[PDB]
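Asks: The file below is structure-v9.pdb, PDB, C-alpha atoms:
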MODEL        1
ATOM      1  CA  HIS A 123     -23.691 -14.386 -21.760  1.00  0.00           C
ATOM      2  CA  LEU A 124     -19.926 -14.303 -21.218  1.00  0.00           C
ATOM      3  CA  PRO A 125     -17.661 -15.937 -18.626  1.00  0.00           C
ATOM      4  CA  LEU A 126     -16.823 -13.872 -15.568  1.00  0.00           C
ATOM      5  CA  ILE A 127     -13.661 -11.825 -16.047  1.00  0.00           C
ATOM      6  CA  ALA A 128     -10.835 -12.948 -13.759  1.00  0.00           C
ATOM      7  CA  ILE A 129     -10.278  -9.777 -11.739  1.00  0.00           C
ATOM      8  CA  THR A 130      -7.074 -11.126 -10.155  1.00  0.00           C
ATOM      9  CA  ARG A 131      -6.724  -8.253  -7.673  1.00  0.00           C
ATOM     10  CA  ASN A 132      -7.346  -5.498 -10.245  1.00  0.00           C
ATOM     11  CA  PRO A 133     -10.009  -3.246  -8.696  1.00  0.00           C
ATOM     12  CA  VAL A 134     -11.975  -0.998 -11.054  1.00  0.00           C
ATOM     13  CA  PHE A 135     -13.364   2.073  -9.311  1.00  0.00           C
ATOM     14  CA  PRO A 136     -16.443   3.693 -10.893  1.00  0.00           C
ATOM     15  CA  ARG A 137     -15.580   6.209 -13.616  1.00  0.00           C
ATOM     16  CA  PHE A 138     -11.885   5.399 -13.176  1.00  0.00           C
ATOM     17  CA  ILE A 139      -9.499   4.254 -15.900  1.00  0.00           C
ATOM     18  CA  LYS A 140      -7.790   0.992 -14.955  1.00  0.00           C
ATOM     19  CA  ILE A 141      -5.636  -1.635 -16.662  1.00  0.00           C
ATOM     20  CA  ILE A 142      -6.223  -5.385 -16.316  1.00  0.00           C
ATOM     21  CA  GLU A 143      -3.253  -7.742 -16.750  1.00  0.00           C
ATOM     22  CA  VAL A 144      -3.950 -11.442 -16.106  1.00  0.00           C
ATOM     23  CA  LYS A 145      -1.206 -13.987 -16.753  1.00  0.00           C
ATOM     24  CA  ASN A 146      -3.683 -16.579 -18.042  1.00  0.00           C
ATOM     25  CA  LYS A 147      -3.844 -16.716 -21.842  1.00  0.00           C
ATOM     26  CA  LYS A 148      -7.376 -18.161 -21.832  1.00  0.00           C
ATOM     27  CA  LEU A 149      -8.830 -14.647 -21.666  1.00  0.00           C
ATOM     28  CA  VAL A 150      -6.924 -13.856 -24.873  1.00  0.00           C
ATOM     29  CA  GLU A 151      -9.115 -16.306 -26.791  1.00  0.00           C
ATOM     30  CA  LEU A 152     -12.267 -14.625 -25.472  1.00  0.00           C
ATOM     31  CA  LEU A 153     -10.920 -11.167 -26.319  1.00  0.00           C
TER      32      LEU A 153
ATOM     33  CA  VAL D 278      12.260 -18.789  11.419  1.00  0.00           C
ATOM     34  CA  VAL D 279      10.366 -16.588  13.873  1.00  0.00           C
ATOM     35  CA  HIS D 280       7.515 -14.751  12.128  1.00  0.00           C
ATOM     36  CA  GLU D 281       5.362 -13.629  15.048  1.00  0.00           C
ATOM     37  CA  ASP D 282       2.607 -11.280  13.884  1.00  0.00           C
ATOM     38  CA  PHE D 283      -0.413  -9.685  15.519  1.00  0.00           C
ATOM     39  CA  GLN D 284      -3.864 -11.120  14.865  1.00  0.00           C
ATOM     40  CA  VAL D 285      -5.029  -7.705  13.621  1.00  0.00           C
ATOM     41  CA  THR D 286      -3.636  -7.739  10.072  1.00  0.00           C
ATOM     42  CA  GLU D 287      -5.340  -4.443   9.200  1.00  0.00           C
ATOM     43  CA  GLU D 288      -3.101  -1.559  10.327  1.00  0.00           C
ATOM     44  CA  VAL D 289       0.132  -3.581  10.149  1.00  0.00           C
ATOM     45  CA  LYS D 290       0.186  -3.204   6.352  1.00  0.00           C
ATOM     46  CA  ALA D 291       0.085   0.610   6.552  1.00  0.00           C
ATOM     47  CA  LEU D 292       3.807   0.618   7.299  1.00  0.00           C
ATOM     48  CA  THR D 293       4.093  -1.620   4.238  1.00  0.00           C
ATOM     49  CA  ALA D 294       2.533   1.210   2.227  1.00  0.00           C
ATOM     50  CA  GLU D 295       5.038   3.664   3.701  1.00  0.00           C
ATOM     51  CA  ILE D 296       7.937   1.290   2.975  1.00  0.00           C
ATOM     52  CA  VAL D 297       6.909   0.765  -0.648  1.00  0.00           C
ATOM     53  CA  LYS D 298       6.474   4.522  -1.085  1.00  0.00           C
ATOM     54  CA  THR D 299       9.978   5.091   0.296  1.00  0.00           C
ATOM     55  CA  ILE D 300      11.436   2.412  -1.989  1.00  0.00           C
ATOM     56  CA  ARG D 301       9.685   3.939  -5.005  1.00  0.00           C
ATOM     57  CA  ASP D 302      11.021   7.386  -4.101  1.00  0.00           C
ATOM     58  CA  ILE D 303      14.561   6.034  -3.691  1.00  0.00           C
ATOM     59  CA  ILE D 304      14.516   4.234  -7.039  1.00  0.00           C
ATOM     60  CA  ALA D 305      13.014   7.255  -8.813  1.00  0.00           C
ATOM     61  CA  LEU D 306      15.490   9.756  -7.355  1.00  0.00           C
ATOM     62  CA  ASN D 307      18.338   7.198  -7.164  1.00  0.00           C
ATOM     63  CA  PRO D 308      17.859   4.655  -9.975  1.00  0.00           C
ATOM     64  CA  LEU D 309      19.768   1.505  -8.991  1.00  0.00           C
ATOM     65  CA  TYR D 310      17.801  -1.426 -10.453  1.00  0.00           C
ATOM     66  CA  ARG D 311      15.106  -1.748 -13.094  1.00  0.00           C
ATOM     67  CA  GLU D 312      11.523  -0.886 -12.165  1.00  0.00           C
ATOM     68  CA  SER D 313      10.158  -4.019 -13.869  1.00  0.00           C
ATOM     69  CA  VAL D 314      10.547  -5.957 -10.609  1.00  0.00           C
ATOM     70  CA  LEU D 315       8.301  -3.390  -8.921  1.00  0.00           C
ATOM     71  CA  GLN D 316       5.632  -3.930 -11.582  1.00  0.00           C
ATOM     72  CA  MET D 317       5.912  -7.715 -11.275  1.00  0.00           C
ATOM     73  CA  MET D 318       5.583  -7.605  -7.464  1.00  0.00           C
ATOM     74  CA  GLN D 319       2.852  -5.136  -6.477  1.00  0.00           C
ATOM     75  CA  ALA D 320       1.389  -4.907  -2.982  1.00  0.00           C
ATOM     76  CA  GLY D 321      -2.101  -4.532  -4.460  1.00  0.00           C
ATOM     77  CA  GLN D 322      -1.962  -7.911  -6.220  1.00  0.00           C
ATOM     78  CA  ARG D 323      -2.081  -9.797  -2.870  1.00  0.00           C
ATOM     79  CA  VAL D 324       0.612 -12.161  -4.241  1.00  0.00           C
ATOM     80  CA  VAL D 325       2.973 -11.210  -1.379  1.00  0.00           C
ATOM     81  CA  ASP D 326       2.351 -14.260   0.789  1.00  0.00           C
ATOM     82  CA  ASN D 327       5.607 -13.557   2.693  1.00  0.00           C
ATOM     83  CA  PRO D 328       5.729  -9.836   3.548  1.00  0.00           C
ATOM     84  CA  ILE D 329       8.947 -10.441   5.494  1.00  0.00           C
ATOM     85  CA  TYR D 330      10.648 -11.451   2.239  1.00  0.00           C
ATOM     86  CA  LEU D 331       9.393  -8.270   0.561  1.00  0.00           C
ATOM     87  CA  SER D 332      10.738  -6.175   3.442  1.00  0.00           C
ATOM     88  CA  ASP D 333      14.076  -7.995   3.253  1.00  0.00           C
ATOM     89  CA  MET D 334      14.316  -7.283  -0.482  1.00  0.00           C
ATOM     90  CA  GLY D 335      13.431  -3.625   0.031  1.00  0.00           C
ATOM     91  CA  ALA D 336      16.100  -3.298   2.711  1.00  0.00           C
ATOM     92  CA  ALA D 337      18.525  -5.115   0.401  1.00  0.00           C
ATOM     93  CA  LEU D 338      18.017  -2.249  -2.038  1.00  0.00           C
ATOM     94  CA  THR D 339      19.460  -0.026   0.709  1.00  0.00           C
TER      95      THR D 339
ATOM     96  CA  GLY X 340      -7.438   3.687   0.216  1.00  0.00           C
ATOM     97  CA  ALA X 341     -10.359   1.764   1.713  1.00  0.00           C
ATOM     98  CA  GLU X 342     -10.421  -1.969   1.064  1.00  0.00           C
ATOM     99  CA  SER X 343     -12.621  -3.512  -1.616  1.00  0.00           C
ATOM    100  CA  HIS X 344     -14.936  -4.758   1.140  1.00  0.00           C
ATOM    101  CA  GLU X 345     -15.596  -1.165   2.208  1.00  0.00           C
ATOM    102  CA  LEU X 346     -16.343  -0.183  -1.395  1.00  0.00           C
ATOM    103  CA  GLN X 347     -18.781  -3.088  -1.716  1.00  0.00           C
ATOM    104  CA  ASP X 348     -20.457  -2.061   1.545  1.00  0.00           C
ATOM    105  CA  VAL X 349     -20.833   1.495   0.232  1.00  0.00           C
ATOM    106  CA  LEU X 350     -22.307   0.154  -3.011  1.00  0.00           C
ATOM    107  CA  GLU X 351     -24.790  -1.908  -0.981  1.00  0.00           C
ATOM    108  CA  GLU X 352     -26.433   1.216   0.447  1.00  0.00           C
ATOM    109  CA  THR X 353     -29.384   2.343  -1.681  1.00  0.00           C
ATOM    110  CA  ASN X 354     -30.527   5.727  -0.356  1.00  0.00           C
ATOM    111  CA  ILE X 355     -28.326   8.556  -1.622  1.00  0.00           C
ATOM    112  CA  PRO X 356     -27.930  10.193   1.832  1.00  0.00           C
ATOM    113  CA  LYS X 357     -27.061   6.832   3.401  1.00  0.00           C
ATOM    114  CA  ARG X 358     -24.324   6.048   0.877  1.00  0.00           C
ATOM    115  CA  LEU X 359     -23.025   9.618   1.116  1.00  0.00           C
ATOM    116  CA  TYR X 360     -22.806   9.363   4.910  1.00  0.00           C
ATOM    117  CA  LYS X 361     -21.078   5.981   4.661  1.00  0.00           C
ATOM    118  CA  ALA X 362     -18.556   7.418   2.196  1.00  0.00           C
ATOM    119  CA  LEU X 363     -17.943  10.377   4.512  1.00  0.00           C
ATOM    120  CA  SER X 364     -17.393   8.006   7.443  1.00  0.00           C
ATOM    121  CA  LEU X 365     -14.952   5.941   5.375  1.00  0.00           C
ATOM    122  CA  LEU X 366     -13.104   9.118   4.388  1.00  0.00           C
ATOM    123  CA  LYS X 367     -12.915  10.173   8.040  1.00  0.00           C
ATOM    124  CA  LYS X 368     -11.596   6.761   9.106  1.00  0.00           C
ATOM    125  CA  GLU X 369      -8.985   6.719   6.335  1.00  0.00           C
ATOM    126  CA  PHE X 370      -7.924  10.267   7.217  1.00  0.00           C
ATOM    127  CA  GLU X 371      -7.596   9.320  10.888  1.00  0.00           C
ATOM    128  CA  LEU X 372      -5.493   6.264  10.029  1.00  0.00           C
ATOM    129  CA  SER X 373      -3.277   8.304   7.697  1.00  0.00           C
ATOM    130  CA  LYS X 374      -2.849  11.025  10.328  1.00  0.00           C
ATOM    131  CA  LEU X 375      -1.933   8.450  12.979  1.00  0.00           C
ATOM    132  CA  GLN X 376       0.617   6.855  10.647  1.00  0.00           C
ATOM    133  CA  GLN X 377       2.059  10.266   9.752  1.00  0.00           C
ATOM    134  CA  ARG X 378       2.342  11.252  13.419  1.00  0.00           C
ATOM    135  CA  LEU X 379       4.044   7.956  14.281  1.00  0.00           C
ATOM    136  CA  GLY X 380       6.465   8.405  11.388  1.00  0.00           C
ATOM    137  CA  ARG X 381       7.188  11.979  12.456  1.00  0.00           C
ATOM    138  CA  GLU X 382       7.868  10.827  16.019  1.00  0.00           C
ATOM    139  CA  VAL X 383      10.225   8.107  14.771  1.00  0.00           C
ATOM    140  CA  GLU X 384      11.978  10.590  12.472  1.00  0.00           C
ATOM    141  CA  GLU X 385      12.432  13.005  15.383  1.00  0.00           C
ATOM    142  CA  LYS X 386      13.774  10.186  17.566  1.00  0.00           C
ATOM    143  CA  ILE X 387      16.297   9.451  14.820  1.00  0.00           C
ATOM    144  CA  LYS X 388      16.971  13.200  14.789  1.00  0.00           C
ATOM    145  CA  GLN X 389      17.553  12.874  18.539  1.00  0.00           C
ATOM    146  CA  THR X 390      20.906  11.531  17.380  1.00  0.00           C
ATOM    147  CA  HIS X 391      23.336  14.414  17.720  1.00  0.00           C
ATOM    148  CA  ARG X 392      24.147  16.572  14.711  1.00  0.00           C
ATOM    149  CA  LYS X 393      27.704  15.363  15.318  1.00  0.00           C
ATOM    150  CA  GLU X 394      26.583  12.312  13.330  1.00  0.00           C
ATOM    151  CA  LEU X 395      25.795  14.516  10.328  1.00  0.00           C
ATOM    152  CA  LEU X 396      29.071  16.406  10.780  1.00  0.00           C
ATOM    153  CA  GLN X 397      31.001  13.119  10.822  1.00  0.00           C
ATOM    154  CA  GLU X 398      29.113  12.068   7.692  1.00  0.00           C
ATOM    155  CA  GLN X 399      30.246  15.308   6.044  1.00  0.00           C
ATOM    156  CA  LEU X 400      33.826  14.684   7.188  1.00  0.00           C
ATOM    157  CA  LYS X 401      33.756  11.212   5.637  1.00  0.00           C
TER     158      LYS X 401
ENDMDL
END
Give the structure from this file in structure tokens form.
Replies:
Amino acid sequence: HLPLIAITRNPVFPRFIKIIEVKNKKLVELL
Amino acid sequence: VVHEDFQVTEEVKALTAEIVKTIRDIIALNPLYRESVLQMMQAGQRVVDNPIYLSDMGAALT
Amino acid sequence: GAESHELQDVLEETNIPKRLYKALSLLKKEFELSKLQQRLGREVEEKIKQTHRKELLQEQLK
């Protein structure tokens, strides 16, 4: 029960390490 | 400001991939400006609403 | 380098052989596109090379 993560053109391939960087600070509160 | 482009916007961006690869190689082998601008403007972020401007900037690095 | 839509389409397939065949087809299509782009770039590079080596010699002289 969490809000959908804003992908913002950051694809995440299966079993692949990726980094998400979203300019919005709202996700910081959730984190 | 003529910006004629083909309706098939699928294979046109392949040359964009080649151009960005060439620019990356030039900056790596011949460091002229900071790489932070490259991180800020990435082709995979879809934020390049004006690819002509990106091409003009890349050529300006020449 | 397939688009996210292609990855979603692959994920849609349920049967293991079906998804494997779809992935193989995507790999073949991407390889064909990359080979076509490489051949076009090689042709353009050769056409630039069609310029006489006198150009390179003048560059050395400068």
Asks: Give me the residues within 9 Å of region 314-325 of chain D as number ranges by chain, counting only C-alpha atoms and dropping any in the same chain fewer than 3 places off.
Replies: A: 130-132; D: 293-294, 297, 301, 310-311, 328, 330-331
Asks: For chain X, which of A:134, A:150, A:126, A:142 is the closest residue, counting only C-alpha atoms?
Replies: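 Smallest separation from chain X among the options: A:134.
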Asks: Name the residues captured by the ChimeraX specification (/X :<12) & /D when it is applied to the shown file; answer as a VMD selection string.
Replies: chain D and resid 287 to 296 321
Asks: At a cut-off of 12 Å, which residues of chain X touch chain A? Count only C-alpha atoms and give the answer as a PyMOL selection string.
Replies: chain X and resi 340-344+346-347+350
Asks: Calculated over all atoms listed in the file, which of the candidates A:137, A:153, A:129, A:148 has the smallest distance to chain D?
Replies: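 Once distances to chain D are computed over all atoms listed in the file, the minimum belongs to A:129.
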Asks: Kindly give the distance, in Å, that separates CA of residue 384 (chain X) and CA of residue 299 (chain D), rounded to a single decimal.
Replies: 13.5 Å
Asks: Distance CA of residue 139 (chain A)-CA of residue 345 (chain X), one decimal place?
Replies: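 About the pair CA of residue 139 (chain A) and CA of residue 345 (chain X): they are 19.9 Å apart.
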Asks: State, in Å with one decimal place, the distance from CA of residue 348 (chain X) to CA of residue 361 (chain X).
Replies: 8.6 Å
Asks: Which residue, A:143, A:127, A:151, A:138, has the smallest gap to chain D when you use only C-alpha atoms?
Replies: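 Counting only C-alpha atoms, the residue closest to chain D is A:143.
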